[PDB]
């Protein structure tokens, strides 16, 4: 089993990292697929986001980070993954993932879509929230890895 965890990860947070720790324990191979997502004007470049996700995850031997800008249903076949991993924090996540799962079932029928929910300690962590707090000088050290905090710190001065 090779699982693919796709997202924008702008930047990667302790919310993502918890899911990755749990996936790392359940599957033989975990690939973090950082989506380019140019139409979201991500705060960080694809290169940095890949780099932060690597730094935050280097300590896990069966976890890899890779960037992509193609259709997710195509990229998963290029990585030879048979499982999608997504996280569910709230009903808006569930609805969207529910629809995307039915959709990817059409585009990539041999790929399962599976979901995890967060630990209550990380259920509320948003990348949009971390970005908006850091841009106004709020402390985001409780929601991200130190390297990411350091990155946010540098990015806004």
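Residue numbers count along the first chain shown, from 1.
Could you settle it for me: does 38 to 46 or 107 to 115 have the higher average Cα B factor in the PDB entry? Stretch with the higher mean C-alpha B-factor: 38 to 46.
Per the entry's values, where does residue 70 land by CA temperature factor relative to the rest of its chain, in the lowest, middle or highest third? CA B-factor rank for residue 70: lowest third.
Within this chain's modelled residues, let me know which third the CA B factor of residue 151 belongs to: lowest, middle or highest. Middle third.
Where does the C-alpha B-factor of residue 63 rank in its chain, lowest, middle or highest third? Residue 63: CA B-factor falls in the middle third of its chain.
Place residue 31 in the lowest, middle or highest third of its chain's C-alpha B-factors, as listed in the PDB entry. CA B-factor rank for residue 31: lowest third.
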